[PDB]
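Colleague: Take a look at the following structure, please.
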Amino acid sequence: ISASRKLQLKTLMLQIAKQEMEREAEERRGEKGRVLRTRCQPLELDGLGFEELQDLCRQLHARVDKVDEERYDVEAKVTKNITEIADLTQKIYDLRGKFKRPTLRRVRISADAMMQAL
Amino acid sequence: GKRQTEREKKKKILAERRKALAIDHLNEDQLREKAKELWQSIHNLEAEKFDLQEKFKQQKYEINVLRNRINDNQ
Amino acid sequence: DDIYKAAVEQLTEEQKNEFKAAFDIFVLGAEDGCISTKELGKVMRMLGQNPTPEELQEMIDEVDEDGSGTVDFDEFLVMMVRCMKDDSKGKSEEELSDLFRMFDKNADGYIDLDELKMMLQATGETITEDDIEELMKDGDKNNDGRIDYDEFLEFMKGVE
Amino acid sequence: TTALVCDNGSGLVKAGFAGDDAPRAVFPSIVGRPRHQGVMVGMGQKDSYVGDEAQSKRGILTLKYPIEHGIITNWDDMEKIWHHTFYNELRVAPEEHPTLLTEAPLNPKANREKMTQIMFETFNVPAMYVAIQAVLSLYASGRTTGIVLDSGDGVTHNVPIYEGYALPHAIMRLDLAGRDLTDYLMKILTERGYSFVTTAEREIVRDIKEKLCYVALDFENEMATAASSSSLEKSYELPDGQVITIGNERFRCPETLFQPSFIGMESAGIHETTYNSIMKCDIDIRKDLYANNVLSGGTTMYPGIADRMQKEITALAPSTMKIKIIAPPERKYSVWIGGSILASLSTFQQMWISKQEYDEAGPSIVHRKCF
Amino acid sequence: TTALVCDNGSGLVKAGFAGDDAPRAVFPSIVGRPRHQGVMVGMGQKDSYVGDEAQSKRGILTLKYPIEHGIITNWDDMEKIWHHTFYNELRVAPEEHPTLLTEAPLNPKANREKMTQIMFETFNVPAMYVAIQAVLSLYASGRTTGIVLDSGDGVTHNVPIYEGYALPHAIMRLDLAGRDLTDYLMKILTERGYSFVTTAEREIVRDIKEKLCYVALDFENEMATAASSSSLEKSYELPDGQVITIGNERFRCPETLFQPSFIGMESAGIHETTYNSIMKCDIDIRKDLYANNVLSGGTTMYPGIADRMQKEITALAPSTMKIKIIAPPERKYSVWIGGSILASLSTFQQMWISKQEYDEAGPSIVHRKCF
Ligand SMILES: Nc1ncnc2c1ncn2[C@@H]1O[C@H](COP(=O)(O)OP(=O)(O)O)[C@@H](O)[C@H]1O
Ligand SMILES: Nc1ncnc2c1ncn2[C@@H]1O[C@H](COP(=O)(O)OP(=O)(O)O)[C@@H](O)[C@H]1O
Ligand SMILES: [Mg+2]
Ligand SMILES: [Mg+2]
């Protein structure tokens, strides 16, 4: 039953978890950039007619509408999820308080100070 | 009550979301410039949409975690 | 190790004077200068606060790694301030939640023996057979065969 | 995506994703507000415990079922039950899943229309479909003919089907079910001294009924035997001690099914409404219905009912026909298994009531072609 | 600021700031005017010594408790006691501190209303709240269920609580307590020759009771043993010499708790009023109450009571249930520790009866929502 080695393992696993979280965040960023480049195709329109200008502009406006619709939907989803998260966090906090607050107090604050006053 | 209230809300949001759309009636160079600007705007919009997807996934997982925690009380 | 030397380095002569005044009773004379750890049980009680005796034994056996049975004023100082709270803020609650999400990369909401076992094996640390079961008790507090959020939180409670 | 096969029932809500063998979450459908005052502060006391949580705190609650006899009498509580079922027992938001509710035959229209309106407005599902609780139980048996007696906890109904063509003029719905048997058992227990009155103690009487009662093969012989020997008296330990001994109350409680005159009901038992339901059918499909009588529903789980019913029908029916009673071991969840099978079919995938259709015709769409 | 957790009690006033472990000042609640004439001039003789000062000059005083059985019978003396408690034992002016009094269950309304009127008009506190003496003792144990038997010095009451919901119809308040045991001990000491009559000598008999008496595990066996051997006779030195020897009066004084017929009271002992209080509760929370029986109050400090009570209840209760009696070593101050915990809560911070509310509704505000 070792004790200090337990603390050593705790710190080591904490550092390893930090490194893994950092590398996973980097992987997420790289994959997100890759997907953004893939889905948002680059277009070149040098030396084109104004009719093609109108067609491409209208297509871009329609894509803008669709993307804003998706953003509105996912924004509503995220707001609802945030509301649920706040509610559940409040509930769990209330449960933890009910479990622990009776166990917190000022122990031996002044009783030991009563030596010879009487 | 989400039968006309939510639909009208999102319809109004879409209507106000649309900005001015009057371009192709101008000279070619600046129109191309603004088309590239709007391409970049769509690029940023898609990036933000992906970020929102990931955030929603993480918050859903945290919701599952909180549900597990509240279920474990008994 | 010397990490707690750095931790105790913050306290300058201001606490050293008080600690020497307290320790003067330990050096009561008629000795060869070995200065054992016998009085430490009540020396750590000079102000009233006293931790569990098991932690006191861990502190006693941990320090003086040379086995000389000599309590250096440096060791005495760092062990006496060890009675006072000493922690590096224990990461952050959101940081701890992220760390546990990384721990629960299986997305199951629970960690079994295999999960944390592979987690520590990825660290490459040599772990004994006398261990693991100790870690099993540390993690599976409810004895339900897994690690929950509360069990992880107490397991990682304020550790930094 | 996958479909949600919910099954409201009356007494136990059974739900789960389509394509599995058993419902994922099964829990009583009761919503109980606390009734005492409450003095501890900050205990985190909620205003209504629903589902299986209120079967553990039932000592200080007043449980009340939101579904009386198939029909739904308290819409707010039913909405609460559905919300719990979706969010806490399955943890899947309904915005991304079709739903397949179930409904007893011959129920009021307003109940079904309100059900679809709730599912489309509050929970905002993509598409929902309502199915008769007996056709599913026929699916689960892997048959395509047969007359199914689905004796649930709210209402007992008997739908005959041949070659996939249901016979709407031969459905015999009777309102005696498990709940009335619980009340009658609670009423005859008073003949020994045990008085259960509180709505919480109805659950204890239900447990007694489930664990001890059985259906007698012959009623008079059992009544004579239990009155002479003492080989039947089985004891049971209440939630606090003080064991009780049930004598001939064991087979008298479920006997009400075959003699509804015990609880004052006029109609004939479940042994004779099946024969009447058969005789209303055409003369050429009676042999097949005789040979493929199907049992389902919870209340048909009494030990020894598949023999009593066969004996009774053989007494009633002509001597030449063969009487066979299909009693699968998975009787309780038969309706839900059938619901899963139906929702997993490819041919059925275009029968859902899509949301745009509801927006165009209102809640009265359910009575239309999309049944 | 910090709250003042006062606890009037009857026999010992316990007070202290909220958030500590033990009351700051504990002193008997007696006010004794001198009774003789007094010949020395300029000695600085006061007209009434209160609190612990009158336990040192009790030789020439006539001590009289201002609280008989929970209720307060002499309001001027109680006001004097409160004034002493605030100004001399704590030295904090009440103009800057909320107060949390405690009151026994089922007490007269006028007592509580007069208490709040005094606290708001004479001492002029910012806000005061009155709490039932048993809920606090349940707080201190860190539980949330359980049936607490708070046998104080004035009155013994038995409040069952489940999941934070108090059961108002199951409170059994009995007026036998430490004071009646003191009187009965003083009455049975006369069987050996020792006569204590003066109100000052009641304190000596109380000290004898505290230091020597104990509760017998089995009464008849102890009565037989004390009548043959002499291993029980413990001696005690009066405040002037002349040691006395207490024989079988040792376990006969506190036996009155379990047989109130000794002092002529009709009711059943504290071993049977707890079982009756449990049996009035619902049938599904009786196991939890059986397993979490809590003892509190001063009079439950007799050596050997936590075993006698458990034996008695196990005799009464069904054989299957487990009977456990929680007897923390800090029994005497359990109510005050619970009061400190309750006053230290953040959720409770808005339940105080603010002074402007009292100005708008009068003293009858205490019976209203702010309980
Ligand atoms: N093993 C059993 N033995 C006897 N009766 C049972 C058994 N299981 C359930 N029941 C009865 O059946 C009822 C449950 O029926 P169920 O099929 O769940 O109704 P629903 O059709 O509403 O789902 C219970 O109320 C109970 O009275
Ligand atoms: N150690 C003890 N042993 C036996 N009886 C005691 C002991 N301490 C106190 N008592 C009895 O309890 C009474 C004090 O009870 P207490 O809890 O102070 O009442 P209150 O509820 O009014 O505060 C005293 O009158 C005394 O008779
Ligand atoms: Mg059913
Ligand atoms: Mg008291």
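In the structure tokens, the first chain shown is A, the next is B, and so on; residue numbers restart at 1 for each chain, and ligands run from 1 in the order shown.
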Using only C-alpha atoms and a distance of at most 8 Å, pull out the residues of chain A that contact chain B, as a ChimeraX atom specification.

Modeller: /A:32-33,36,40,45,50,53-54,57,60,63-65,67-71,74-75,77-78,81-82,84-85,88-89,91-92

Colleague: Write the residues you've just listed into a file as a compact mmCIF listing (two decimals), in the first residue's frame, and include N, CA, C and O atoms for each of them.

Modeller:
```
# COMPACT_ATOMS: atom_id res chain seq x y z
N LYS A 32 -11.05 19.84 -39.11
CA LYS A 32 -12.03 20.87 -39.40
C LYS A 32 -11.59 21.74 -40.56
O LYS A 32 -12.40 22.08 -41.43
N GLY A 33 -10.31 22.13 -40.59
CA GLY A 33 -9.81 22.89 -41.72
C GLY A 33 -9.89 22.12 -43.01
O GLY A 33 -10.28 22.66 -44.05
N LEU A 36 -13.56 22.06 -44.06
CA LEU A 36 -13.97 23.37 -44.55
C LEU A 36 -13.45 23.63 -45.95
O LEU A 36 -14.17 24.16 -46.81
N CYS A 40 -16.39 23.80 -48.89
CA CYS A 40 -16.42 25.12 -49.52
C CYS A 40 -15.41 25.09 -50.66
O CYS A 40 -14.24 25.43 -50.49
N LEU A 45 -13.10 32.80 -61.38
CA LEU A 45 -14.03 33.37 -62.35
C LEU A 45 -13.39 34.53 -63.09
O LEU A 45 -14.00 35.59 -63.29
N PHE A 50 -21.01 38.63 -67.86
CA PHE A 50 -21.83 39.12 -66.76
C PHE A 50 -23.01 38.20 -66.50
O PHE A 50 -23.53 38.17 -65.38
N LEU A 53 -21.75 35.94 -64.18
CA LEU A 53 -21.73 36.67 -62.92
C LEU A 53 -23.07 36.58 -62.20
O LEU A 53 -23.12 36.29 -61.00
N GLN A 54 -24.16 36.79 -62.93
CA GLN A 54 -25.49 36.72 -62.32
C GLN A 54 -25.80 35.31 -61.83
O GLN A 54 -26.32 35.14 -60.72
N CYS A 57 -23.65 34.55 -58.77
CA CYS A 57 -24.12 35.34 -57.64
C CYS A 57 -25.40 34.75 -57.06
O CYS A 57 -25.52 34.63 -55.84
N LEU A 60 -24.60 31.66 -55.14
CA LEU A 60 -23.97 32.02 -53.88
C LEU A 60 -25.01 32.52 -52.87
O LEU A 60 -24.92 32.21 -51.68
N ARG A 63 -26.85 29.55 -51.54
CA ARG A 63 -26.00 28.86 -50.58
C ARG A 63 -25.94 29.63 -49.26
O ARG A 63 -25.93 29.03 -48.19
N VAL A 64 -25.91 30.96 -49.34
CA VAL A 64 -25.93 31.78 -48.13
C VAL A 64 -27.21 31.53 -47.35
O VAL A 64 -27.18 31.37 -46.12
N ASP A 65 -28.35 31.49 -48.05
CA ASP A 65 -29.62 31.23 -47.38
C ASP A 65 -29.61 29.87 -46.70
O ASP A 65 -30.02 29.74 -45.54
N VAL A 67 -27.03 28.05 -45.71
CA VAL A 67 -26.08 28.01 -44.60
C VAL A 67 -26.64 28.77 -43.40
O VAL A 67 -26.48 28.34 -42.26
N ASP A 68 -27.29 29.91 -43.65
CA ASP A 68 -27.90 30.65 -42.55
C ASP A 68 -29.03 29.86 -41.92
O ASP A 68 -29.23 29.92 -40.70
N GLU A 69 -29.78 29.10 -42.72
CA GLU A 69 -30.81 28.23 -42.18
C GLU A 69 -30.21 27.16 -41.28
O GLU A 69 -30.70 26.89 -40.18
N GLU A 70 -29.12 26.53 -41.74
CA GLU A 70 -28.45 25.52 -40.93
C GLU A 70 -27.91 26.13 -39.64
O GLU A 70 -27.98 25.51 -38.57
N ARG A 71 -27.34 27.33 -39.74
CA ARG A 71 -26.82 28.01 -38.57
C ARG A 71 -27.94 28.34 -37.59
O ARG A 71 -27.77 28.20 -36.38
N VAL A 74 -28.89 24.93 -35.89
CA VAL A 74 -27.90 24.45 -34.93
C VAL A 74 -27.78 25.41 -33.77
O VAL A 74 -27.49 25.00 -32.64
N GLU A 75 -28.01 26.71 -34.00
CA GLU A 75 -28.01 27.68 -32.92
C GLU A 75 -29.15 27.42 -31.95
O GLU A 75 -28.97 27.48 -30.73
N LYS A 77 -30.55 24.52 -31.50
CA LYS A 77 -30.17 23.28 -30.81
C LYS A 77 -29.19 23.56 -29.69
O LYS A 77 -29.33 23.03 -28.58
N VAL A 78 -28.18 24.39 -29.95
CA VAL A 78 -27.15 24.67 -28.96
C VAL A 78 -27.74 25.46 -27.80
O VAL A 78 -27.39 25.22 -26.64
N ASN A 81 -29.65 23.01 -25.71
CA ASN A 81 -28.70 22.18 -24.97
C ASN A 81 -28.08 22.95 -23.81
O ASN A 81 -27.87 22.39 -22.74
N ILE A 82 -27.79 24.24 -24.02
CA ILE A 82 -27.23 25.06 -22.95
C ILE A 82 -28.24 25.21 -21.82
O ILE A 82 -27.88 25.17 -20.64
N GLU A 84 -30.61 23.06 -21.02
CA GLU A 84 -30.65 21.78 -20.33
C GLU A 84 -29.41 21.58 -19.47
O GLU A 84 -29.49 21.05 -18.35
N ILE A 85 -28.24 21.99 -19.97
CA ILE A 85 -27.00 21.88 -19.22
C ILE A 85 -27.07 22.71 -17.95
O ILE A 85 -26.68 22.26 -16.87
N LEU A 88 -29.49 20.95 -15.45
CA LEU A 88 -28.94 19.74 -14.84
C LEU A 88 -27.77 20.07 -13.93
O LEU A 88 -27.60 19.43 -12.88
N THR A 89 -26.95 21.05 -14.30
CA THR A 89 -25.87 21.49 -13.42
C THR A 89 -26.43 22.04 -12.12
O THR A 89 -25.91 21.75 -11.04
N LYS A 91 -29.30 21.21 -10.76
CA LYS A 91 -29.84 20.09 -10.00
C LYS A 91 -28.74 19.29 -9.30
O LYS A 91 -28.87 18.94 -8.12
N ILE A 92 -27.66 19.00 -10.02
CA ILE A 92 -26.56 18.24 -9.43
C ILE A 92 -25.89 19.04 -8.33
O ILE A 92 -25.49 18.49 -7.29
```

Colleague: So that I can see what lies close to residue D:168, please list as a PyMOL selection string the residues with an atom at most 10 Å from it, counting only C-alpha atoms and leaving out residues fewer than 6 positions away in the same chain.

Modeller: chain D and resi 105-106+159-161+281

Colleague: Could those selected residues go to a file with N, CA, C and O atoms, as a PDB file, in the first residue's frame?

Modeller:
```pdb
ATOM      1  N   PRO D 105     -58.533  -0.817 -29.766  1.00  0.00           N
ATOM      2  CA  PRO D 105     -59.627  -0.669 -30.723  1.00  0.00           C
ATOM      3  C   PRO D 105     -60.823   0.026 -30.100  1.00  0.00           C
ATOM      4  O   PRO D 105     -61.014   0.006 -28.885  1.00  0.00           O
ATOM      5  N   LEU D 106     -61.631   0.649 -30.954  1.00  0.00           N
ATOM      6  CA  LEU D 106     -62.903   1.250 -30.548  1.00  0.00           C
ATOM      7  C   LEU D 106     -62.723   2.353 -29.513  1.00  0.00           C
ATOM      8  O   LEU D 106     -63.578   2.545 -28.649  1.00  0.00           O
ATOM      9  N   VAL D 159     -59.601  -9.112 -31.336  1.00  0.00           N
ATOM     10  CA  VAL D 159     -59.666  -8.735 -32.745  1.00  0.00           C
ATOM     11  C   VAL D 159     -59.409  -9.971 -33.596  1.00  0.00           C
ATOM     12  O   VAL D 159     -58.293 -10.508 -33.556  1.00  0.00           O
ATOM     13  N   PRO D 160     -60.375 -10.438 -34.388  1.00  0.00           N
ATOM     14  CA  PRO D 160     -60.104 -11.545 -35.307  1.00  0.00           C
ATOM     15  C   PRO D 160     -59.591 -11.045 -36.642  1.00  0.00           C
ATOM     16  O   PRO D 160     -60.042 -10.031 -37.174  1.00  0.00           O
ATOM     17  N   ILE D 161     -58.630 -11.776 -37.188  1.00  0.00           N
ATOM     18  CA  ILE D 161     -57.983 -11.422 -38.444  1.00  0.00           C
ATOM     19  C   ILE D 161     -57.849 -12.678 -39.283  1.00  0.00           C
ATOM     20  O   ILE D 161     -57.537 -13.749 -38.756  1.00  0.00           O
ATOM     21  N   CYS D 281     -67.847 -14.196 -37.391  1.00  0.00           N
ATOM     22  CA  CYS D 281     -67.094 -14.283 -38.628  1.00  0.00           C
ATOM     23  C   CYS D 281     -67.826 -15.174 -39.625  1.00  0.00           C
ATOM     24  O   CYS D 281     -68.821 -15.827 -39.310  1.00  0.00           O
TER      25      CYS D 281
END
```

Colleague: Can you work out which residues from chain A touch chain C at a cut-off of 8 Å (counting only C-alpha atoms) and hand them back as JSON, numbers by chain?

Modeller: {"A": [1, 3, 10, 11, 12, 13, 14, 16, 17, 18, 20, 21]}

Colleague: How would you write, as a PyMOL selection string, the set of residues no farther than 6 Å from ligand 3 when counting only C-alpha atoms and all ligand atoms?

Modeller: chain D and resi 9+152+297

Colleague: Give me, as an MDAnalysis selection string, the residues of chain D touching chain B, with the criterion being at most 10 Å (counting only C-alpha atoms).

Modeller: chainID D and resid 53 56 87:89 91:92 120:122 124 359

Colleague: Compute the set of protein, DNA and RNA residues whose minimum atom distance to ligand 2 is at most 6 Å, using only C-alpha atoms and all ligand atoms, and state it as a PyMOL selection string.

Modeller: chain E and resi 9-12+152-154+178+206+210+297-299+301-302+332

Colleague: Using only C-alpha atoms, find the residues of chain C whose closest atom to chain B is at most 9 Å away, then write them as an NGL selection string.

Modeller: :C and (101 or 107 or 109 or 148-150)

Colleague: What does the distance from atom CA of residue E:3 to atom CA of residue E:116 come to in Å, to one decimal?

Modeller: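 Atom-to-atom, atom CA of residue E:3 to atom CA of residue E:116, that is 16.0 Å.
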
Colleague: Check which residues of chain D sit at most 7 Å from chain A using only C-alpha atoms, and return one row each with the closest pair of atoms and their distance in Å to one decimal, ordered by chain and rising number, as a Markdown table.

Modeller:
```
| residue | atom | partner | partner_atom | distance |
| --- | --- | --- | --- | --- |
| D:42 | CA | A:98 | CA | 6.3 |
| D:43 | CA | A:98 | CA | 5.7 |
| D:44 | CA | A:94 | CA | 6.4 |
```

Colleague: Nearest residue to chain D out of E:296, E:344, E:256, E:310, using only C-alpha atoms?

Modeller: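 Looking only at the distances to chain D, the closest residue turns out to be E:344.
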
Colleague: Quick one: residues within 10 Å of residue E:232, only C-alpha atoms, excluding same-chain residues fewer than 2 positions away - as a ChimeraX atom specification?

Modeller: /E:222,225-227,229-230,234-235,245-251

Colleague: Can you write out the residues you just picked, keeping C-alpha atoms, as a CSV table (one decimal), in the first residue's frame?

Modeller:
```csv
chain,number,residue,atom,x,y,z
E,222,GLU,CA,-31.7,-5.8,38.5
E,225,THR,CA,-29.7,-8.5,42.2
E,226,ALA,CA,-29.7,-5.2,44.1
E,227,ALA,CA,-31.9,-6.9,46.8
E,229,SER,CA,-25.8,-8.5,46.8
E,230,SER,CA,-24.4,-5.0,47.5
E,234,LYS,CA,-22.5,3.8,45.0
E,235,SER,CA,-21.8,6.6,47.4
E,245,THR,CA,-25.3,5.6,49.6
E,246,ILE,CA,-27.8,5.0,46.7
E,247,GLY,CA,-28.9,1.4,46.4
E,248,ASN,CA,-31.6,0.3,43.9
E,249,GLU,CA,-32.6,3.9,43.5
E,250,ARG,CA,-30.0,4.1,40.8
E,251,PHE,CA,-31.9,2.4,38.1
```

Colleague: Return as a ChimeraX atom specification the full set of residues in stretch 115-334 of chain D whose backbone-based DSSP assignment is strand (DSSP E or B).

Modeller: /D:127-132,146-151,156-162,165-166,172-174,234-238,241-246,293-296,325-326

Colleague: Include C-alpha atoms and write out the residues we just selected as a tab-separated table (two decimals), in the first residue's frame.

Modeller:
```
chain	number	residue	atom	x	y	z
D	127	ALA	CA	-43.58	11.54	-38.43
D	128	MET	CA	-45.82	9.38	-36.24
D	129	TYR	CA	-48.17	6.48	-36.90
D	130	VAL	CA	-50.86	4.93	-34.70
D	131	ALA	CA	-51.52	1.19	-34.84
D	132	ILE	CA	-54.11	-1.09	-33.27
D	146	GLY	CA	-55.84	-15.97	-36.03
D	147	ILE	CA	-57.98	-14.28	-33.41
D	148	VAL	CA	-55.94	-12.47	-30.77
D	149	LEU	CA	-57.16	-11.85	-27.22
D	150	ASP	CA	-55.06	-8.98	-25.87
D	151	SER	CA	-55.99	-8.78	-22.20
D	156	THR	CA	-59.41	-6.53	-22.95
D	157	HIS	CA	-60.14	-6.60	-26.68
D	158	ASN	CA	-60.46	-9.50	-29.10
D	159	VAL	CA	-59.67	-8.73	-32.75
D	160	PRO	CA	-60.10	-11.54	-35.31
D	161	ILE	CA	-57.98	-11.42	-38.44
D	162	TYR	CA	-57.90	-13.67	-41.50
D	165	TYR	CA	-57.95	-8.85	-43.74
D	166	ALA	CA	-59.25	-7.62	-40.40
D	172	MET	CA	-65.46	-7.47	-29.06
D	173	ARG	CA	-63.99	-4.97	-26.60
D	174	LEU	CA	-64.56	-5.63	-22.90
D	234	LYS	CA	-49.24	-19.56	0.49
D	235	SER	CA	-47.72	-16.81	2.63
D	236	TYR	CA	-46.21	-13.51	1.56
D	237	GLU	CA	-44.13	-10.90	3.38
D	238	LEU	CA	-45.36	-7.32	3.29
D	241	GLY	CA	-42.93	-7.78	7.95
D	242	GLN	CA	-46.22	-9.21	9.24
D	243	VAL	CA	-46.53	-12.02	6.71
D	244	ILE	CA	-50.01	-12.72	5.36
D	245	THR	CA	-51.57	-16.01	4.27
D	246	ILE	CA	-53.75	-16.14	1.16
D	293	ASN	CA	-56.27	-18.57	-31.13
D	294	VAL	CA	-53.56	-16.21	-29.85
D	295	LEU	CA	-53.09	-14.89	-26.33
D	296	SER	CA	-51.22	-11.68	-25.56
D	325	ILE	CA	-54.21	-21.72	-27.92
D	326	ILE	CA	-50.92	-20.02	-28.78
```

Colleague: Tell me which protein, DNA and RNA residues are within 10 Å of residue E:265, counting only C-alpha atoms, leaving out same-chain ones fewer than 5 positions away, and put them as an mmCIF file with N, CA, C and O atoms, in the first residue's frame.

Modeller:
```
data_model
loop_
_atom_site.group_PDB
_atom_site.id
_atom_site.type_symbol
_atom_site.label_atom_id
_atom_site.label_comp_id
_atom_site.auth_asym_id
_atom_site.auth_seq_id
_atom_site.Cartn_x
_atom_site.Cartn_y
_atom_site.Cartn_z
ATOM 1 N N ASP E 175 -45.346 14.496 28.117
ATOM 2 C CA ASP E 175 -44.829 15.517 29.014
ATOM 3 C C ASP E 175 -43.957 14.967 30.138
ATOM 4 O O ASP E 175 -43.668 15.704 31.085
ATOM 5 N N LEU E 176 -43.545 13.711 30.073
ATOM 6 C CA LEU E 176 -42.562 13.196 31.018
ATOM 7 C C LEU E 176 -41.167 13.515 30.505
ATOM 8 O O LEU E 176 -40.858 13.270 29.343
ATOM 9 N N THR E 256 -38.609 5.221 35.106
ATOM 10 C CA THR E 256 -39.893 5.884 34.913
ATOM 11 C C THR E 256 -40.141 6.202 33.449
ATOM 12 O O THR E 256 -41.294 6.261 33.018
ATOM 13 N N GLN E 259 -41.832 3.120 32.101
ATOM 14 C CA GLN E 259 -43.064 2.784 32.810
ATOM 15 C C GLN E 259 -43.598 4.035 33.485
ATOM 16 O O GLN E 259 -43.437 4.221 34.694
ATOM 17 N N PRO E 260 -44.254 4.920 32.735
ATOM 18 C CA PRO E 260 -44.745 6.160 33.346
ATOM 19 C C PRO E 260 -45.825 5.940 34.377
ATOM 20 O O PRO E 260 -46.355 6.927 34.900
#
```
